[PDB]
Amino acid sequence: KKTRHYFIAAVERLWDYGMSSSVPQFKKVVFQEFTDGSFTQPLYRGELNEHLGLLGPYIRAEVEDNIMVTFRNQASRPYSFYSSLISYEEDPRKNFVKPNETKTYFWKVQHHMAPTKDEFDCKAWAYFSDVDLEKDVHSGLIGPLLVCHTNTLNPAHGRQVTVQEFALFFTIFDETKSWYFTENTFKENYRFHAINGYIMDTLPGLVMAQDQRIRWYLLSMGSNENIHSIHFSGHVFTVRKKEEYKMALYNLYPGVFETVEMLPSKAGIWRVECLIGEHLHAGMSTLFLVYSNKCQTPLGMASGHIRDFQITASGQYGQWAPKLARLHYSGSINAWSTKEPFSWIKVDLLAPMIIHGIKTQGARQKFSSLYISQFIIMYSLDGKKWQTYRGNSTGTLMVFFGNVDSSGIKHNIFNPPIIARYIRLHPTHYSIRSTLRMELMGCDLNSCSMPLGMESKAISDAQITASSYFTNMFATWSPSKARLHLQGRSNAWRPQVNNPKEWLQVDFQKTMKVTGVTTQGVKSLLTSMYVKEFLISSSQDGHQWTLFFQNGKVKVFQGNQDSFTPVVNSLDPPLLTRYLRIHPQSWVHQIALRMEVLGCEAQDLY
Amino acid sequence: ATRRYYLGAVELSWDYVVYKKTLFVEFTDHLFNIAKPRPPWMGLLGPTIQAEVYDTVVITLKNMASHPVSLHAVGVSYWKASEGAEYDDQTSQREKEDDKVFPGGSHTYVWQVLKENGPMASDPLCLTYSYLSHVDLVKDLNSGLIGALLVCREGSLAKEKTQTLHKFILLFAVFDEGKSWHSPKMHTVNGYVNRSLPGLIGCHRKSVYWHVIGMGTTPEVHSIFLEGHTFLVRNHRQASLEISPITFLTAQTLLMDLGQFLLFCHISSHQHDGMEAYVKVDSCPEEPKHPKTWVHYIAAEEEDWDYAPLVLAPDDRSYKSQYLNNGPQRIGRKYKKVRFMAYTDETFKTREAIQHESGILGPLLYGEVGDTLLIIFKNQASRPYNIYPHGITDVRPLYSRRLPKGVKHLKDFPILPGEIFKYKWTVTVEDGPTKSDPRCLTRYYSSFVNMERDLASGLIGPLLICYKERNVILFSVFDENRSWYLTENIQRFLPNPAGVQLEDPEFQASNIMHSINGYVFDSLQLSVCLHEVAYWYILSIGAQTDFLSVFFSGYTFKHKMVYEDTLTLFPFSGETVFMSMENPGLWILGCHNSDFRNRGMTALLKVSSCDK
Ligand SMILES: *[C@@H]1O[C@H](CO)[C@@H](O[C@@H]2O[C@H](CO)[C@@H](O[C@@H]3O[C@H](CO[C@@H]4O[C@H](CO)[C@@H](O)[C@H](O)[C@@H]4O)[C@@H](O)[C@H](O[C@@H]4O[C@H](CO)[C@@H](O)[C@H](O)[C@@H]4O)[C@@H]3O)[C@H](O)[C@H]2NC(C)=O)[C@H](O)[C@H]1NC(C)=O
Ligand SMILES: *[C@H]1O[C@H](CO)[C@@H](O[C@@H]2O[C@H](CO)[C@@H](O)[C@H](O)[C@H]2NC(C)=O)[C@H](O)[C@H]1NC(C)=O
Ligand SMILES: [Ca+2]
Ligand SMILES: [Cu+]
Ligand SMILES: [Zn+2]
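Just so you know, the sequences run in chain order H and D.
Residues 1712 to 1732, 1745 to 1814, 1821 to 1913, 1930 to 2351 in full-length UniProt numbering are what the first sequence lists, from first letter to last.
Residues 20 to 35, 63 to 229, 248 to 352, 396 to 576, 590 to 732 in full-length UniProt numbering are what the second sequence lists, from first letter to last.
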């Protein structure tokens, strides 16, 4: 069993919560995760622990283990380390560390500082400077220090692994305290109702799956007001203590670090708030996304659904542009490439989105393997100030592996999943030119942009009929053939006569939330038939249809241009329903429809 | 497996000559109207909604108010067109209609109750939660929008009819009336103030269950007691319920003895604020090794007291020299008090030795279930004082019941200066620890001739009721400002005491001694042998108004089979802990309240090697 070793220091920063949709300074002090004894590199905080915020880092350990925290006061005033557990030797009694000074504390974890067989796989414990047990908090020094059961933390790979851990900490930050009374007495203002130091909605980092159970490490701290009654909207938890108890609200007293586990409900973007009125409309709300990852789906660099703009380069080699950068682009006139040294390429997904993985590619030249070899990823959720991706516990940032040939097709998954509007890919090694075809794998925010079954045959056969259909002694263009990919004998729906006020009808079994529809044509050895333009009516009851308007507009949808090519329309307000019905207005040679539906499960019934 | 509730959000008019606001309610209509006959005591409380662990509740809200209001349930799940709260659903309006129902606005909700949302293996039969308006909280709570929401295992009054348990819904509400749509202040129990609220009845032999909801807008806390009677939470004997900010807990009473009993809130400044009502208990018809006698002779005794012994910090330089270092108008350090001292026999001269360890406290009363204490108490001192213990329930004078002379209860009966009285404190499992309980619960004994003068004058000591199978820390603030002796002390400790003034900004502080065991300012140290392992019976008592957060520098203690960092002490609770204690050095045991702990209020703890 191991010696955990932590290079931690105490740093001075600016603090703010000058949001994301004028603004105040504040020299606060924090615990900073450093790197070698030199305290030269600080350890870049990855997507992993983005949420810690104002906290210093997770100091983790198993029980039979040792902890060693070599600590450096890179600050202005004297501070200390101190937790409870931090146990000494024996025969002038105690300590603090002066500025520009290093102290070391090393001690064996006992079962006396661990979780009982009855608790949870880990227990959280608090650490903070005890130079002024009161002021050296408001100033900014607290972190969590987790003791875990043996064989629970994963070797080398950082710590734990099979549950996502998150540590929330609720205080009033009152900068009348804080050794830092610089400044830019009258009567009152600076009370921050902060969760890991983020007032109103600021706390940025709660990305978590709709499977993995989460344990949340909860802490309050100080002023006898700090009695924060914590709620997790539409979610419950369990508590350790004697036996396991199920609860929906847990009250924090000062100092009581509390470990609770939960398995999250339905996917989406929810809140955690201190339910005591005043305390809330003072800033406690803070959000978390539970995404599904049974929703990975192509972001549409496949089909030109990501239109020819919204893809940029650092530069390019002649023509051989990005744009031509889509996965599978054919011809040898294809894919982005520069021989310029350190290039990059960027997609505006034109909207905030979860992106689970990128698929990468090369290109033949004459007889010249042309592929991107190694690369890293950057991304932004706004546009201006960017970010680098360090997937799970790695080191400095996560290095990806591209192709090793002109057509091989690496699909690197975003382990923890990137959460951006924009995504930028910079090459680090290459074949002979950094060359790239690629598709993005992702899904919208709310995890609800998925195939609804038409193509899946997931939607039943006679779960669809239409306003009539063509059929004769030979063919049968049954409505039940309107299936996005279906290769068949006569393979699509077609009505018998061609009518402007014609339709095809899908009965969703239950009530479904719709993102949009992907439409299609057919070839009949005859000619290409497709629908050019169309309208959606929806119902609810079976016979009472209220057609899809857009904003006074009766939304006139933008259909295909060929036999093949799935072309897809999003929905203005996403459409809750049981009854869907596209309405071919003007077509090409015939009305002909293959098609699928996009979306998922809503308030099923009333 | 399905439960529709026709709920509506009406503004009516409150009280039992004052106040009037908007709150929840029943109705039976299909379109809008009257229909919902509501029972006595669910005061203003929105109707109690109640489902099982597979059922689906379907509240159809009507909002009849001029208020914009919602319907936010806690502890049950839904999609994002129930929940009824507005942030970043991100969703379309048929998905944000729940979030804020506008005045005149009917919109329906749906909650389900998955194997998940339901009550754990070994907790309660129904978990206590509740619902509310989540659109201005402070606006909405305070006006009257909170219904009781109960989630429940497979057995229930709408499936499994013979659930015949006796159960009320206690809502301990601090309603601010100037934070309403007031454009002032009630402070109740179910909407009933001072002590109306009829309901409250339990059957003599059997037991009674409370679904408790703490509610308020702000962190102001409570300590609820029910006369004579103790509680069950989780599974621990708790003799107070301790209601916080916003607290759903679910608790049991079991009422022997017929009568009427007040429950209420012990904390000081709430006394008149009138959160309290009566519970009665008359008989329903149903089908119409061998224990010891623990004996002590205890006395009330006027000694002088030194709050900070060997330790001076000379010069009025300080902020401590000011509580201690006596001055032109500050008694400081040394006051005349009246403690319990323990003597040897029927006569009272000569006793067992004073406690550097457990300072001001009277002697340690102990007794196991079955056991009987036997308190012969003499009062040597100038005021009628007495002894009652809190925790225990069987306290009669020794040879009879019929409590002497006039007094309808013994706690109030005063022992005259110079008389002796013989008391039998018999102990019974039903006021002692359970299997879950830290098997040896801490408690205290005092003088109820003037609940707190008689305490804040010097009269306490500790009491341990323990199971039928020592280190006492007491966190006390003594307000010498009203000792009974205050006056006497002044005419003896001060520049010939003319210019008096009891009331006085700064001076008044000089006499408020913040103390562990009657010792202040890192005076009182404790020795222990490193490795020697200890039970510590800690209690805040007479440490006026607030809660505590006790410390122990560099030490972890087992509070109720779990390992902790810092224990939390309400008013007149006393919690009992365990020191796996092999960590050497000088450790500053104070409290990580840093308000108090430099008004005095810390001790030191030395851990080092011995030789038994
Ligand atoms: C990035 O870093 C994070 C950790 O911080 C990790 O991210 C992902 O985490 C997952 C959780 O460990 C890993 O995948 C698997 O999850 C499956 C969950 O499904 C279970 O379902 C059953 C019901 O039948 C339940 O009882 C369980 O509690 C689960 O909910 C597991 O199946 C799986 O565990 C395995 O089970 C198989 C069964 O075939 C066994 O043969 C095997 O012994 C094993 O225990 C596992 O836990 C996954 O590591 C990871 N995924 C992704 C796409 O990122 C990763 O560690 C990091 N990702 C990297 C490096 O790519
Ligand atoms: C219940 O009634 C009222 C609260 O509304 C309390 O009345 C007190 O008495 C005075 C009389 O002048 C009032 O002005 C105040 O409302 C209170 N004042 C003081 C100084 O206490 C009363 O406390 C309550 N009754 C009980 C039994 O608790
Ligand atoms: Ca909603
Ligand atoms: Cu709070
Ligand atoms: Zn109260």
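Note that the Cβ used here is the ideal one computed from N, Cα and C, for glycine as well.
Residue i - partner residues in DSSP beta bridges
i: residue 21 of chain D; result: Looking at the DSSP assignment, residue 21 of chain D forms no beta bridge with any residue, so it has no partner.
i: residue 663 of chain D; result: Residue 663 of chain D pairs with nothing; no bridge assigned.
i: residue 501 of chain D; result: D/533
i: residue 723 of chain D; result: D/709
i: residue 1783 of chain H; result: H/1875
i: residue 2016 of chain H; result: H/2032
Neighbour-count burial assignment, residue i, 16 or more Cβ in a 10 Å radius
i: residue 444 of chain D; result: buried
i: residue 1779 of chain H; result: buried
i: residue 2250 of chain H; result: buried
i: residue 2078 of chain H; result: exposed
i: residue 108 of chain D; result: buried
i: residue 2201 of chain H; result: exposed
i: residue 2344 of chain H; result: buried
i: residue 566 of chain D; result: buried
i: residue 2036 of chain H; result: buried
i: residue 86 of chain D; result: exposed
i: residue 273 of chain D; result: buried
Under 9 Å between C-beta atoms of residue i and residue j
i: residue 2321 of chain H; j: residue 2293 of chain H; result: no
i: residue 1751 of chain H; j: residue 1965 of chain H; result: no
i: residue 2235 of chain H; j: residue 2226 of chain H; result: yes
i: residue 271 of chain D; j: residue 210 of chain D; result: no
i: residue 2010 of chain H; j: residue 1979 of chain H; result: yes
i: residue 315 of chain D; j: residue 280 of chain D; result: no
i: residue 1855 of chain H; j: residue 1878 of chain H; result: no
i: residue 94 of chain D; j: residue 196 of chain D; result: yes
i: residue 1808 of chain H; j: residue 1851 of chain H; result: no
i: residue 1981 of chain H; j: residue 1992 of chain H; result: yes
i: residue 2182 of chain H; j: residue 2237 of chain H; result: no
i: residue 552 of chain D; j: residue 689 of chain D; result: no
i: residue 2327 of chain H; j: residue 2253 of chain H; result: no
i: residue 113 of chain D; j: residue 185 of chain D; result: yes
Three-state secondary structure assigned by DSSP to residue i
i: residue 1952 of chain H; result: strand
i: residue 1840 of chain H; result: helix
i: residue 2264 of chain H; result: strand
i: residue 2243 of chain H; result: coil
i: residue 612 of chain D; result: helix
i: residue 127 of chain D; result: coil
i: residue 333 of chain D; result: helix
i: residue 1755 of chain H; result: strand
i: residue 136 of chain D; result: coil
i: residue 179 of chain D; result: coil
i: residue 1797 of chain H; result: coil
i: residue 2026 of chain H; result: coil
| message | Using a Cβ-Cβ cutoff of 7 Å, what residues of the region 647 to 675 of chain D are near chain H? List them in chain order. | response | Those residues of the region 647 to 675 of chain D that come within reach of chain H (Cβ to Cβ, closer than 7 Å) are 666, 667, 669, 674, 675.
| message | Counting only Cβ-Cβ distances shorter than 9 Å, please list the residues of the region 423 to 455 of chain D near chain H, keeping chain order. | response | none
| query | In chain order, what residues of the region 1998 to 2017 of chain H put their CB closer than 8 Å to some CB of chain D? | reply | 1998, 1999, 2000, 2001, 2002, 2008, 2010, 2011, 2013, 2014, 2016
| Near-chain H residues of the region 184 to 196 of chain D (beta-carbon distance less than 7 Å), N- to C-terminal order | 184, 187
| message | So if I threshold CB-CB distances at 8 Å, which residues from the region 2335 to 2350 of chain H count as touching chain D? | response | 2347, 2348, 2350
| Using Cβ-Cβ distances below 7 Å, what residues of the region 688 to 704 of chain D are close to chain H? | Flagged, chain order: 688, 700, 703, 704.
| Which of the residues in the region 294 to 309 of chain D, read from start to end, lie with their CB under 8 Å from any CB of chain H? | 298, 299, 308, 309
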